[PDB]
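enclosed are the sequence and the experimentally obtained structure.
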Amino acid sequence: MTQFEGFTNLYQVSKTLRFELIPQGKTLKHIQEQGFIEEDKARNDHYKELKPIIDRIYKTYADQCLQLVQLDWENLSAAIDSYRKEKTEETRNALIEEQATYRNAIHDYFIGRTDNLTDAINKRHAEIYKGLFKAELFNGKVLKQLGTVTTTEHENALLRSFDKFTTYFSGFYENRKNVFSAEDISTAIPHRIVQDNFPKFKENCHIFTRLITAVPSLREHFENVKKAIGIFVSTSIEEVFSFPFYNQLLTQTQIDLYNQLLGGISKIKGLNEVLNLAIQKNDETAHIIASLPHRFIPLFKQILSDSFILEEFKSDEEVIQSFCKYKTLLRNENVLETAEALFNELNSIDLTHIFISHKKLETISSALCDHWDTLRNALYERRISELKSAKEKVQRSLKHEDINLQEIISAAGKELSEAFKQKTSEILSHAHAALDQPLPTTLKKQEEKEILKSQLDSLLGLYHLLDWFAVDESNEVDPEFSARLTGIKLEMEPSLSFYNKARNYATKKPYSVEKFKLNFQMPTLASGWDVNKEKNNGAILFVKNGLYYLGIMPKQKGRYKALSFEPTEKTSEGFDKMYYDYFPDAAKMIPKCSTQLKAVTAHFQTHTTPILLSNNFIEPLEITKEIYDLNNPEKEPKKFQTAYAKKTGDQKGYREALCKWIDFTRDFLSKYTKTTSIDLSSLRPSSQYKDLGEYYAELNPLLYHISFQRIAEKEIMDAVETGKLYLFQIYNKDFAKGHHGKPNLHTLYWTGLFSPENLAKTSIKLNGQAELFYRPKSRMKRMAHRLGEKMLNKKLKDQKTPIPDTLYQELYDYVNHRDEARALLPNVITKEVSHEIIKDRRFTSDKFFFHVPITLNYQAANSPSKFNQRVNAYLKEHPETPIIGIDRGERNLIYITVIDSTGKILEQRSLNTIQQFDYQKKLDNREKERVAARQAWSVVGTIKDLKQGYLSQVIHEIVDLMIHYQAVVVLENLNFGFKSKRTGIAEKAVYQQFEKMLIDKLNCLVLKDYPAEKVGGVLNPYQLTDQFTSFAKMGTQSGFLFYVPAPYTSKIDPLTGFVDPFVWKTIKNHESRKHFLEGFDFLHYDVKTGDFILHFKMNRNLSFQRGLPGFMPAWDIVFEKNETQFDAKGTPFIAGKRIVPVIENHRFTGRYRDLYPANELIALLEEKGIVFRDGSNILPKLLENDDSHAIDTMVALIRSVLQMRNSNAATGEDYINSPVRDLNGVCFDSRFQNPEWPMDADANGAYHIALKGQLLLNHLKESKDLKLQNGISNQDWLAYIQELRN
RNA sequence: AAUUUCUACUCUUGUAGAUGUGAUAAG
DNA sequence: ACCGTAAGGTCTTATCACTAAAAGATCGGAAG
DNA sequence: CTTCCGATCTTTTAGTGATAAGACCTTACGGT
């Protein structure tokens, strides 16, 4: 049977380890003597300077080459029509093939494959393109061939400095290559020409022809405009709006001139302005052009053709000077008065040609109406009333369709205009103040930062209010208004960058982390570790007395001339050097070393005799033409490749080809001098392998080997004394002298990599392409605790509760002798300074660093296959599996509940206190000082980083519990729900990154306490999750992690699953609440218990219900008799008490009050004096008076009893009371503190997340196909949970 | 308040947990 | 004959490298 | 003095099986 410990060694997980390098002995002096550090700093600076220069070179070549492009566009135009009329499936494929043909036609001009050009020019362009991604670029002769290039001697020197050092730019080459490619990617020249801009030019041509046939007298008028602006004077407008004139408009200059022609100089009226001035003339020609599409769409800018911006601020003087410059620029251009003029002229421009961006709509609603759903509902009821399928169409037309001003102003009423005239004026006044208020001289004191905050916030608010209006294409925006708005919004755009960079400056760390790569004059330092490449890569490792060292062997007198160390007997004292033998992935390195050689390809183009290779083979290897054709069949499926089996079904031929190729590779590995000594006998016979991928997957871990050999101490000591070797110690905290605790995981991986059992059978592979870095000393103002001073502990006598950070400073001042702190003065503990601690010590000196990749589970495949199916097979085999439901609460940060297969609670606990530190108290103190500091940037930074650290603790807690229970873990799916600001870790991005980090942990889970050979140890990590791809694509399951939608897990009664069905937003008007009271059946006072019982049937009040029918037909809502009940501990509490938020002016006041609904209802009943306490029906005797006050307070009472969560942070109350009693006749109360049910109200949400996990697991168990339901609908959940509890 | 780096600390010249880096596009 | 509901087809996902040896460029020295 | 050749440094080179699910649009059947 399958087992939980079988979830290991399933797929390779690549990681990297970072270490500090401590220079041993003389090395630093030599590094200071040769000056590698300074030249690497200079090289990094030159690379940063040189990237835009090479971009300018690429721009120059692109503009030089695009001018030769001449094509006839009629065929692709015809395909565009044929698709747009027919939508036939042949048309889309024909259009894609036509677009590919045109992309290839464009791409041939760059690479020089254009038959429309002369052979000499074509060859010249081919040479230029192939030289542009080579060392030939830096040697400068490609710039000699590429005429009229504007570099100076300094730029030429920057190019020459990277000669023989092209490897720095390889990633930049890998990027910029795709720009010139014929691929269908967005960021390419042919894609931008043929798919983005050309349909728009076609639309322009057709729109122009239609308008010309409609109004002939417009023709000369349009021509006159072209005579006015004076663009394209050599040709007529009739020829401009034609297909061959798209032989121009390829370079960025012509694109800008065409757009300037359409829009006018930003004066001279463009075509669009002339069309709308014609349409405002109100004649029959204006009417007929109004009947036609009457605007041109401007073309997109060309690729790589992209301004008030600067680098991030280094000092408060720098940011204050730059922002003073920006405010001076705003006052000089007098932007705010142009904003005011725009916000006047909105009242006169025709509102049908002005549009709002739909995605801003709800925000504007909260800007102009009471709630964020008001205006959206207003447009919905308008678009319905102006008329399920129609409802869907209205939803579609409001979800992704921009709205004109006329419709909005007609829908929400005239008062919005006044409100709009309010809002703009208010913000403008703030902006005006922000321009008149002086800047502070510095930002060392709080109010100075508050002034900068307020000014940036006001400017950014005015930017947002400008951002309300849509500028997107296909909206019929007025040209004059769009030009004005785009102009002012462009002028105000740098305010956003100023806000972001000032927030980063006020949030940034006092040190600098920035560091640069070291090369030691070697273009391939540490690119690999093989002993044959030891000479050209320079980097080696040593082990001595459990310490690890890195040796860099520099070039001597410009030559390599690498020394060699003889091995010695193991008893002799000295270092142990790694001997690393590797032959990389077999699939690429056998056809490289045997069959794609130039000699054999030359031979088999002219002969058929098999060729005997001899060089680098211990015995000659014959290659037969049949094998080379098996690798090079001139068709994309190779005959041994599984694509051939898919294409033909020639299973016998596939197996014959596979056997032949595998036998050939066995012969090669038996003969090639790197691999001839390897014992290949572990491999199965060649015919047994099902596919080639299986063969390579089993083969590859044999070609890797590490051994160690001892070297005498003197041989290495003399080499490092001479300067032939730079010996560094690979260091971290766990190699320190005082190290006594448990090591890091990255120390565990490093130690496990060189364990003898790992060398016997490789589980973690040491990867090549390591990288050395150097971090310079920061401008750190030193702070250190001097001898004889007092050190102040942040914890109290109990380690749980921390000192509030506002009090810590004055406490630390007081105990060094430099009233809440007075109150807690005997609560604090101080220490003598035994040894000086330096604040942020590792940035006080310049340090070398070493980034080394490793690969864990090296024996396994490169990627998991059907991992979810394996997990679901195990879950089906073990229905007894516990379920761990995870939720984030309001009074504890994360609460967990582990439930059994029966739904019984196994464990429930909060994660406030992790490692005896109460993170909730810390976050509460930070929030308190955040409100105290009026939301400064520093405190919110130190809150976000604290939440990140807390979740990094949560990951270990979660995974320890998961290993202990061997349980599936079910988490909140963030795609569906939303969480209030009252909840800690409310931010969606932070918890999303926590779930990503949990997936990343659980892929390669290693537990510190376990032995390395045990499953879960260093050499056998648990793999309980699939590789993360994306949040929107991970779906409802990743391995053992289940993701269930958030809603109806917190506000639900655990005993019988009752949820309040109503939406109170549709009740507040008097007629609605009257109908709501009418719709209940009846309620009565229980003479025996003193309760009131109200009976509701689920088929009533459909206008007030949400759209989710439950499973139960009816509910008996109970007003419990208020009575001092007692919990399991014995403290009294009032049964049935509700805590309700006080509302004034339709907003939450931030105050709560306590209600006792039974006592209040008795007070109501005796005040009305109608007879009760007899079992009679109360409801008609109440509503027959038609007293509006009675119905108002009745609806208030009903809404009060249906309040599930009742909480007040000030008194500390946080509980759930069910207003419904189950088959045992008892109402739920978390305040009884019974272990069987969620003890505190935050536990209830995690319990129901676990129950949704049980829902998915039960549907999996009933199914036959190892798949989850791909989602839980709220109807299905609100049926299942109360059906299960009856 | 010390760290390959981050977060929270201080019986311990350090503790507990986390940690896939680099390049390029981009948010 | 028109509309409502359910099933199928396809679009789309930030990627790459984690490398030793073959191939080519460079250059210093020897032969005629 | 040019040309050819050997050592050496640097740039380029081979490439295997594997998916997989949320979402939007289109199609076909059933109900009125």
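Looks like it came in fine. Numbering: from 1, shown residues only, chains lettered A, B, ... in the order given.

gap between residue A:729 and residue A:21?
According to C-beta to C-beta, to the nearest Å, residue A:729 and residue A:21 sit 7 Å apart. Placement of C-beta: from N, CA and C, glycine included.

so what sits against both of these two?
Listed as contacting both residue A:729 and residue A:21 by C-beta atoms under 8 Å, 6 or more residues apart in numbering are residue A:550.

and whichever strand or helix holds residue A:963 with RNA strand B, contact?
Counting by DSSP states H and E, the element that carries residue A:963 is helix A:937-965. Yes. Contact between helix A:937-965 and RNA strand B, assessed by C-beta under 7 Å from any atom of the strand, occurs at A:942, A:945-946, A:948-950, A:952-953, A:955-956, A:959.

JSON lines for these, including distance to DNA strand D and neighbour count?
Converted to JSON lines, the residues of helix A:937-965 next to RNA strand B look like this (distance: C-beta to the nearest atom of the strand, whole Å; neighbours: other C-beta atoms under 10 Å):
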{"residue": "A:942", "distance to DNA strand D": "35", "neighbour count": "15"}
{"residue": "A:945", "distance to DNA strand D": "31", "neighbour count": "12"}
{"residue": "A:946", "distance to DNA strand D": "32", "neighbour count": "14"}
{"residue": "A:948", "distance to DNA strand D": "27", "neighbour count": "14"}
{"residue": "A:949", "distance to DNA strand D": "31", "neighbour count": "11"}
{"residue": "A:950", "distance to DNA strand D": "29", "neighbour count": "23"}
{"residue": "A:952", "distance to DNA strand D": "28", "neighbour count": "13"}
{"residue": "A:953", "distance to DNA strand D": "30", "neighbour count": "16"}
{"residue": "A:955", "distance to DNA strand D": "24", "neighbour count": "15"}
{"residue": "A:956", "distance to DNA strand D": "28", "neighbour count": "14"}
{"residue": "A:959", "distance to DNA strand D": "23", "neighbour count": "19"}
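
which parts of chain A sit against DNA strand C?
Close to DNA strand C, as judged by C-beta under 7 Å from any atom of the strand, chain A has residues A:14, A:16, A:139, A:171, A:388-389, A:527-530, A:532-533, A:537, A:582-584, A:588-589, A:592-593, A:597-599, A:616, A:674, A:765, A:767-769, A:853, A:1029-1030, A:1032-1033.

what about those residues, which are in helices?
Among these, the members falling in helices (DSSP state H) are A:139, A:171, A:389, A:537, A:588-589, A:598-599.

which of those residues sits closest to DNA strand D?
residue A:588 (3.9 Å; C-beta to the nearest atom of the strand).

ok, that closest one to RNA strand B distance?
Using C-beta to the nearest atom of the strand, to the nearest Å, residue A:588 is found at 18 Å from RNA strand B.

please apply the same query to residue A:1188.
Residue A:1188 sits 51 Å away from RNA strand B, going by C-beta to the nearest atom of the strand.

settle it for me: which of residue A:729 and residue A:21 has more neighbours?
residue A:21 (23 against 17; other C-beta atoms under 10 Å).

what's next to stretch A:258-272, contact-wise?
By C-beta under 8 Å, 6+ apart, stretch A:258-272 touches A:222, A:225-226, A:228-229, A:231-232, A:240, A:249, A:273, A:277, A:295-296, A:298-299, A:479, A:483, A:487.

mind redoing it with 6 Å?
With contacts defined as C-beta atoms under 6 Å, 6 or more residues apart in numbering, stretch A:258-272 is touched by A:228-229, A:231, A:249, A:273, A:295-296, A:298, A:479, A:483.

which of those residues are buried?
Buried members of the contacts of stretch A:258-272, scored by 16 or more other C-beta atoms under 10 Å, are A:229, A:231, A:249, A:273, A:295-296, A:298, A:479, A:483.

which one of the contacts of stretch A:258-272 sits closest to residue A:749?
If you rank these by distance to residue A:749 using C-beta to C-beta, residue A:298 comes first, at 55.3 Å.

list the buried residues in stretch A:541-550.
A:541-544, A:548-550.

which of these sits closest to DNA strand C?
For the buried residues of stretch A:541-550, the nearest to DNA strand C is residue A:541 (13.4 Å; C-beta to the nearest atom of the strand).

a strand runs through that closest one, doesn't it?
Yes. Judged by DSSP: H, G, I helix; E, B strand; the rest coil, residue A:541 forms part of a strand.

next, count neighbours for the residue lying closest to it once chain neighbours are set aside.
Spatial nearest neighbour of residue A:541, excluding adjacent residues (C-beta to C-beta, 6 or more residues apart in numbering): residue A:578 at 4.6 Å. Using other C-beta under 10 Å, residue A:578 has 20 neighbouring residues.

mind checking how far the helix or strand residue A:578 falls within is from the chain centre?
Assessed by DSSP H and E, residue A:578 sits inside strand A:576-582. On the basis of C-alpha atoms, centre = their mean, to the nearest Å, strand A:576-582 sits 40 Å off its chain's mean C-alpha point.

note down every partner strand of that strand and its orientation.
Sheet pairing of strand A:576-582 (DSSP bridges) gives strand A:539-544 (antiparallel), strand A:704-710 (antiparallel).

all strands for the stretch 701-850 of chain A, in order.
For the stretch 701-850 of chain A, the strands defined by DSSP state E, counting those that start in this stretch occupy A:704-710, A:726-731, A:764-766, A:771-775, A:790-792, A:830-832, A:847-856.

where exactly do the helices run in the stretch 551-700 of chain A?
Using DSSP state H, counting those that start in this stretch, the helices of the stretch 551-700 of chain A run over residues A:586-590, A:598-606, A:625-631, A:642-648, A:651-671, A:692-699.

now tabulate those helices in a markdown table and tack on mean neighbour count.
Converted to a markdown table, the helices of the stretch 551-700 of chain A look like this (neighbours: other C-beta atoms under 10 Å):
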| stretch | mean neighbour count |
| --- | --- |
| helix A:586-590 | 17 |
| helix A:598-606 | 12 |
| helix A:625-631 | 17 |
| helix A:642-648 | 14 |
| helix A:651-671 | 18 |
| helix A:692-699 | 18 |
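
closest to residue A:1246 out of these?
Among those, helix A:692-699 sits nearest to residue A:1246 (C-beta to C-beta), with 41.1 Å.

and the angle for the closest one with helix A:651-671?
30 degrees (axes from the mean of the first three to the mean of the last three C-alpha atoms, to 10 degrees).

got the residues of the stretch 851-1000 of chain A near RNA strand B?
Counting by C-beta under 7 Å from any atom of the strand, the residues of the stretch 851-1000 of chain A that sit close to RNA strand B are A:851, A:853, A:915, A:917, A:922, A:942, A:945-946, A:948-950, A:952-953, A:955-956, A:959, A:997, A:1000.
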